[PDB]
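What follows is one structure encoded as structure tokens, with my remarks underneath.
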Amino acid sequence: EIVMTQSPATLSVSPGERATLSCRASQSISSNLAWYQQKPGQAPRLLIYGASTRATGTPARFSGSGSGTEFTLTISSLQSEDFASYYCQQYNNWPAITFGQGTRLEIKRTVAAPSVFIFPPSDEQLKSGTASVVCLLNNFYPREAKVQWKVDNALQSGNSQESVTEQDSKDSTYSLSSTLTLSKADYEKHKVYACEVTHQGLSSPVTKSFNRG
Amino acid sequence: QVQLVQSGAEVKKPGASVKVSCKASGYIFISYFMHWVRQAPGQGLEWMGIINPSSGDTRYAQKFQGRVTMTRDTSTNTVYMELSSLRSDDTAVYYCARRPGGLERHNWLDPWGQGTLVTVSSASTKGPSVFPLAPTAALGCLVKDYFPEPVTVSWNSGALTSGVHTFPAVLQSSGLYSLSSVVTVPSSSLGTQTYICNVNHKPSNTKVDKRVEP
Amino acid sequence: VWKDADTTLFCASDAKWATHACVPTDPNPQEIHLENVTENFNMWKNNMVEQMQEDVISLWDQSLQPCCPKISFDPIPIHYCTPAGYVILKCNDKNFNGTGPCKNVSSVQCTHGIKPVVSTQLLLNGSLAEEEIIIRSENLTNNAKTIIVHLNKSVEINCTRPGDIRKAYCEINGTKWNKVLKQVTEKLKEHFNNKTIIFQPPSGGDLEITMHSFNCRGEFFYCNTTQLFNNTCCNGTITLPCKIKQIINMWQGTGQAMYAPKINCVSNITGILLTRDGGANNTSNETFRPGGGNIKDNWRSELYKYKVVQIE
Ligand SMILES: *[C@@H]1O[C@H](CO)[C@@H](O)[C@H](O)[C@H]1NC(C)=O
Ligand SMILES: *[C@@H]1O[C@H](CO)[C@@H](O)[C@H](O)[C@H]1NC(C)=O
Ligand SMILES: *[C@@H]1O[C@H](CO)[C@@H](O)[C@H](O)[C@H]1NC(C)=O
Ligand SMILES: *[C@@H]1O[C@H](CO)[C@@H](O)[C@H](O)[C@H]1NC(C)=O
Ligand SMILES: *[C@@H]1O[C@H](CO)[C@@H](O)[C@H](O)[C@H]1NC(C)=O
Ligand SMILES: *[C@@H]1O[C@H](CO)[C@@H](O)[C@H](O)[C@H]1NC(C)=O
Ligand SMILES: *[C@@H]1O[C@H](CO)[C@@H](O)[C@H](O)[C@H]1NC(C)=O
Ligand SMILES: *[C@@H]1O[C@H](CO)[C@@H](O)[C@H](O)[C@H]1NC(C)=O
Ligand SMILES: *[C@@H]1O[C@H](CO)[C@@H](O)[C@H](O)[C@H]1NC(C)=O
Ligand SMILES: *[C@@H]1O[C@H](CO)[C@@H](O)[C@H](O)[C@H]1NC(C)=O
């Protein structure tokens with residue numbers, strides 16, 4: 001009966017910009033409401049209660065107007081801490097404490113080269129079943145990037161698993177790990193192992209390698 | 001003061017049921033209502049229900065009417081959440097919370113249990129294998145072949161926290177997870193400062209303290 | 001911390017004017033107790049009755065408009081509430097008469113299932129007096145201000161229209177009614193030191209205030225209450241000749257209305273409106289007459305135990 005609706009679902013802004021969320025209530029929840037913040041990995045933090053008031057323990061960059069049906073949340077001079085998801089909260093209908101689908105927020109940062117490194121398989125892992133080389137791209141932006149594996153010039157495929165990091169809370173960059181999984185029977189057959197990185201903030205494809213040993 | 005403590009991670013098979021606790025501390029257990037909410041990455045959060053740990057009263061959100069039940073033990077002041085008929089898409093992290101304040105009403109969700117994760121799967125749980133990543137420079141720990149998540153990785157018992165990057169796990173075709181924890185350090189300190197990763201997998205009581213060295 | 005204020009109070013119904021304009025019933029209130037504080041109330045001067053009067057005028061003229069079709073009308077309980085920032089607080093003294101200090105005071109957010117039914121002389125379908133019968137007045141000393149007696153045990157009443165005939169009737173158990181009538185007589189003696197008490201019909205004039213006028217299920221009944229206010233009570237079932245009249249004078253405001261061309265109402269009697277008179281020799285007797293008039297009273301009878309304030 002009281003349908004809540006978030007304003008944008010996702011967001012992309014640069015540090016220092018203005019950000020605005022809206023919470024639209026299909027019916028008068030009568031000037032209660034509360035705005036919350038959840039960083040990727042942690043337990044959501046309440047920012048505002050009573051529709052408007054800042055909870056002492058949050059900076060004055062945040063605020064929230066509304067009173068009635070339409071509500072808004074404003075971040076002035078948003079900083080690196082802010083890149084997370086935000087939510088609005090009914091709670092005068094005591095139990096009908098319902099959320100919105102949320103609003104993720106993201107960085108428009110400087111384009112940056114990927115601090116790249118590579119680790120060869122383990123001595124404790126080799127005498128177990130398998131081996132796995134790993135190539136790490138560190139603190140890069142934008143997020144869109146790609147890596148492909150080379151072994152004695154053999155391009156690999158279908159055995160690499162990649163994982164990208166949250167928009168870091170400090171420098172608003174990304175990290176990424178590509179894990180190449182081989183067997184010792186297959187790992188000992190070749191010698192040269194390289195990972196090739198292609199990134200928007202680089203002049204040419206870069207590679208980093210190792211000879212077995 | 002205002003302090004909630006939930007149960008750990010858990011994996012029980014599909015079509016079954018699970019119980020997650022929530023011990024509240026720092027206030028009388030009974031005048032404040034306990035709410036339960038959940039998150040499944042792919043969506044955001046949504047509210048599940050209300051229990052009054054003075055009565056036993058439960059009022060539920062529509063979608064979760066039936067599957068969830070709430071319980072009190074107002075003496076050892078804990079709340080129990082019980083979800084059942086666990087279909088495969090209920091896998092998610094569940095939070096308990098309170099409605100703090102002083103006088104009047106205004107019940108905004110202040111304290112928040114850190115949330116437990118529930119992986120409804122069909123696979124035998126297994127402890128993870130920890131491994132080194134020896135090489136400004138950088139190193140890490142490879143924690144591979146485990147289930148379920150989450151496994152928590154802390155370098156030098158949480159004394160090395162800047163430059164540490166802990167990825168989200170990846171499920172490879174074998175049906176198990178793998179991830180790695182890396183850290184950037186000054187090039188001069190390699191061999192000078194010892195670097196050890198504490199890897200703690202709560203489901204299968206695992207703690208492996210593995211030291212990395214060039 | 002906290003101070004009295006004004007706020008467009010919102011409403012929570014438990015619905016199945018309360019359509020979209022009132023939120024669903026809170027199925028988990030929380031009267032949080034307050035301590036060491038002795039707050040002062042004035043049922044006779046709050047704006048909860050202002051809010052209430054204006055809102056019920058809205059719903060009243062909206063749902064049974066004067067000439068004009070025919071569909072149902074019976075009230076349903078409607079809690080009122082304060083938004084974030086403001087606090088309703090609640091006198092829990094069982095014998096608090098509406099005015100003065102309450103010490104068992106405790107704060108909450110939504111009222112109690114208010115059934116907005118307007119009537120004259122007798123109060124219908126409301127909440128009873130918690131412990132002993134209460135008599136509420138801005139001052140007992142000055143008589144212009146009316147009296148609102150609030151009953152300990154309610155008394156039901158059945159009003160009926162049967163064939164399509166001219167006017168209707170209404171019935172009441174003489175037994176329990178004359179019992180509770182003698183009960184409030186005893187109480188009124190208590191406050192006017194054991195003086196003899198005399199009930200009399202209303203002066204006359206504006207029909208509604210010299211009658212039991214009320215809208216039942218769409219139509220307006222005017223019951224002659226000469227019988228109920230019998231001094232010498234004879235305790236069999238009592239009948240009232242009630243006029244279902246199509247021409248009324250509007251409680252809405254200045255103006256009078258007409259409503260267009262087998263129906264029954266049961267209702268609990270929870271309070272009575274009574275005007276005194278003026279005994280300078282003081283006789284050995286005070287006389288009371290069925291009162292009414294300002295609709296305002298109707299709401300005070302149910303909002304005496306509350307006060308809106310702002311948390312600081
Ligand atoms: C209430 O008053 C008593 C003494 O009259 C005192 O002991 C107590 O601390 C007071 N409580 C508050 C909340 O002021
Ligand atoms: C006030 O009355 C309520 C009953 O409505 C009771 O529960 C409460 O204990 C009372 N408070 C005091 C101080 O007696
Ligand atoms: C209600 O109050 C009266 C006094 O007004 C007293 O006799 C008793 O507490 C109650 N009477 C009945 C009949 O319930
Ligand atoms: C109500 O009680 C107060 C005391 O709290 C008293 O001063 C006042 O005269 C009483 N009024 C009536 C109408 O009983
Ligand atoms: C009210 O009185 C009428 C008239 O006989 C009767 O039909 C009806 O059943 C009565 N209802 C109650 C609740 O007494
Ligand atoms: C009226 O109601 C009373 C209940 O107090 C009952 O004892 C009595 O028998 C009733 N009388 C009639 C005539 O129905
Ligand atoms: C009410 O009835 C009494 C006696 O039956 C009669 O004397 C009086 O005039 C009537 N008044 C009205 C307003 O009907
Ligand atoms: C009071 O009741 C008696 C019952 O016999 C009746 O004769 C008398 O007319 C009544 N008087 C009034 C004023 O209702
Ligand atoms: C009092 O309530 C009953 C049941 O809720 C209802 O049938 C009746 O019409 C109400 N009385 C009036 C005067 O509306
Ligand atoms: C009104 O009377 C009916 C009839 O028994 C009862 O069930 C109901 O609780 C009463 N309501 C109030 C508010 O007294």
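Chain labels run A, B, ... following the order of the structure tokens; each chain numbers its residues from 1, and ligands are numbered from 1 in the order shown.
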
Give the residues close to ligand 5, within 7 Å, counting only C-alpha atoms and all ligand atoms; write them as number ranges by chain. C: 158-160, 171, 266

Could you save the residues just selected, with N, CA, C and O atoms, as a JSON list (two decimals), in the first residue's frame?
[["chain", "number", "residue", "atom", "x", "y", "z"],
["C", 158, "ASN", "N", -30.77, 0.45, 20.68],
["C", 158, "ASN", "CA", -31.12, -0.11, 19.37],
["C", 158, "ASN", "C", -32.12, 0.82, 18.69],
["C", 158, "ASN", "O", -33.27, 0.92, 19.14],
["C", 159, "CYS", "N", -31.72, 1.43, 17.58],
["C", 159, "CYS", "CA", -32.58, 2.34, 16.82],
["C", 159, "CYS", "C", -32.99, 1.68, 15.50],
["C", 159, "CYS", "O", -32.14, 1.17, 14.77],
["C", 160, "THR", "N", -34.28, 1.75, 15.17],
["C", 160, "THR", "CA", -34.84, 0.93, 14.10],
["C", 160, "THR", "C", -35.86, 1.68, 13.25],
["C", 160, "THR", "O", -36.75, 2.37, 13.79],
["C", 171, "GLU", "N", -34.80, 1.65, 21.47],
["C", 171, "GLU", "CA", -35.07, 0.94, 22.71],
["C", 171, "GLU", "C", -33.82, 0.79, 23.57],
["C", 171, "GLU", "O", -32.69, 0.72, 23.05],
["C", 266, "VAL", "N", -27.07, -0.52, 16.55],
["C", 266, "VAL", "CA", -26.75, -0.82, 17.94],
["C", 266, "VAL", "C", -25.57, 0.05, 18.34],
["C", 266, "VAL", "O", -24.59, 0.14, 17.59]]

Write out as a PyMOL selection string every residue belonging to chain C that has an atom at most 8 Å from any atom of chain B, counting only C-alpha atoms. chain C and resi 27+30-32+34+84+87-88+107-109

Excluding stretch 73-80 of chain A and any residue of its chain fewer than 6 positions from it, enumerate the residues within 8 Å of it, using only C-alpha atoms, and give them as a PyMOL selection string. chain A and resi 15-22+35+61-65+169-172

Please list as a count of residues only every residue within 12 Å of residue B:69, counting only C-alpha atoms and excluding residues in the same chain fewer than 6 positions away. 23

Which polymer residues have any atom within 6 Å of an atom of residue C:105, counting only C-alpha atoms, with same-chain residues fewer than 5 positions away left out, as a list in words?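 Counting only C-alpha atoms, the residues come to residues 34, 90, 91 and 92 of chain C.
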
Just write the chosen residues, C-alpha atoms, as a PDB file, in the first residue's frame.
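Listing of selection-v4.pdb after writing:
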ATOM      1  CA  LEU C  34       7.879   8.396  31.768  1.00  0.00           C
ATOM      2  CA  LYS C  90      -0.619  10.021  27.652  1.00  0.00           C
ATOM      3  CA  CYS C  91      -2.113  10.418  31.107  1.00  0.00           C
ATOM      4  CA  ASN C  92      -2.596   6.961  32.632  1.00  0.00           C
TER       5      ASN C  92
END

Determine which residues of stretch 3-213 of chain A receive a DSSP assignment of helix (DSSP H, G or I), computed from the backbone, and state them as a PyMOL selection string. chain A and resi 80-82+123-126+184-187

Among stretch 9-201 of chain A, which ones does DSSP assign to strand (DSSP E) (computed from the backbone)? Answer as a ChimeraX atom specification. /A:12-13,19-25,34-38,45-49,53-54,62-63,70-75,85-89,103-104,106-107,115-119,130-140,145-151,154-155,160-164,174-183,192-199

Could you please tell me, as a PyMOL selection string, which residues of chain C have an atom within 10 Å of chain A when using only C-alpha atoms? chain C and resi 8-12+20-30+81-85+109-110

Nearest to chain B by atom-to-atom distance, counting only C-alpha atoms, from A:144, A:166, A:106, A:196: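 Ranked by minimum distance to chain B, first place goes to A:166.
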
Atom CA of residue C:244 and atom CA of residue C:215 are how many Å apart?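 According to the coordinates, atom CA of residue C:244 and atom CA of residue C:215 are separated by 9.3 Å.
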
Rank A:185, A:134, A:112, A:11 by their smallest atom-to-atom distance to chain B, using only C-alpha atoms, and report the top residue only. A:134

Write out as a list in words the residues lying within 7 Å of residue C:214, counting only C-alpha atoms and excluding same-chain residues fewer than 2 positions away. residues 118, 119, 120, 212, 216, 220, 221 and 222 of chain C

Could those selected residues go to a file with N, CA, C and O atoms, as an mmCIF file, in the first residue's frame?
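Generated output (part_29.cif):
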data_model
loop_
_atom_site.group_PDB
_atom_site.id
_atom_site.type_symbol
_atom_site.label_atom_id
_atom_site.label_comp_id
_atom_site.auth_asym_id
_atom_site.auth_seq_id
_atom_site.Cartn_x
_atom_site.Cartn_y
_atom_site.Cartn_z
ATOM 1 N N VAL C 118 -20.301 11.662 15.765
ATOM 2 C CA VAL C 118 -20.833 12.883 16.348
ATOM 3 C C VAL C 118 -22.261 12.628 16.802
ATOM 4 O O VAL C 118 -23.035 11.948 16.120
ATOM 5 N N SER C 119 -22.608 13.154 17.971
ATOM 6 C CA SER C 119 -23.928 12.950 18.546
ATOM 7 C C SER C 119 -24.259 14.139 19.439
ATOM 8 O O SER C 119 -23.472 15.080 19.585
ATOM 9 N N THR C 120 -25.430 14.080 20.053
ATOM 10 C CA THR C 120 -25.870 15.094 20.992
ATOM 11 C C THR C 120 -26.330 14.415 22.276
ATOM 12 O O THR C 120 -26.776 13.264 22.264
ATOM 13 N N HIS C 212 -31.997 13.794 21.028
ATOM 14 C CA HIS C 212 -30.845 12.937 20.752
ATOM 15 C C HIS C 212 -30.729 12.818 19.241
ATOM 16 O O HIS C 212 -31.375 11.985 18.612
ATOM 17 N N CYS C 216 -27.295 7.604 11.901
ATOM 18 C CA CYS C 216 -27.142 6.159 11.878
ATOM 19 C C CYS C 216 -27.260 5.689 10.433
ATOM 20 O O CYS C 216 -28.278 5.942 9.775
ATOM 21 N N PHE C 220 -30.589 10.550 9.717
ATOM 22 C CA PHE C 220 -30.499 11.302 10.963
ATOM 23 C C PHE C 220 -31.707 11.031 11.851
ATOM 24 O O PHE C 220 -32.848 11.291 11.455
ATOM 25 N N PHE C 221 -31.445 10.544 13.060
ATOM 26 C CA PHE C 221 -32.472 10.233 14.042
ATOM 27 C C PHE C 221 -32.465 11.273 15.156
ATOM 28 O O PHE C 221 -31.400 11.719 15.601
ATOM 29 N N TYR C 222 -33.666 11.646 15.594
ATOM 30 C CA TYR C 222 -33.907 12.592 16.682
ATOM 31 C C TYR C 222 -34.784 11.890 17.714
ATOM 32 O O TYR C 222 -36.001 11.803 17.534
#

I need the chain A residues near chain B as a list in words; criterion: at most 6 Å, counting only C-alpha atoms.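 Close enough to count are residues 43, 98, 99, 101, 119 and 165 of chain A.
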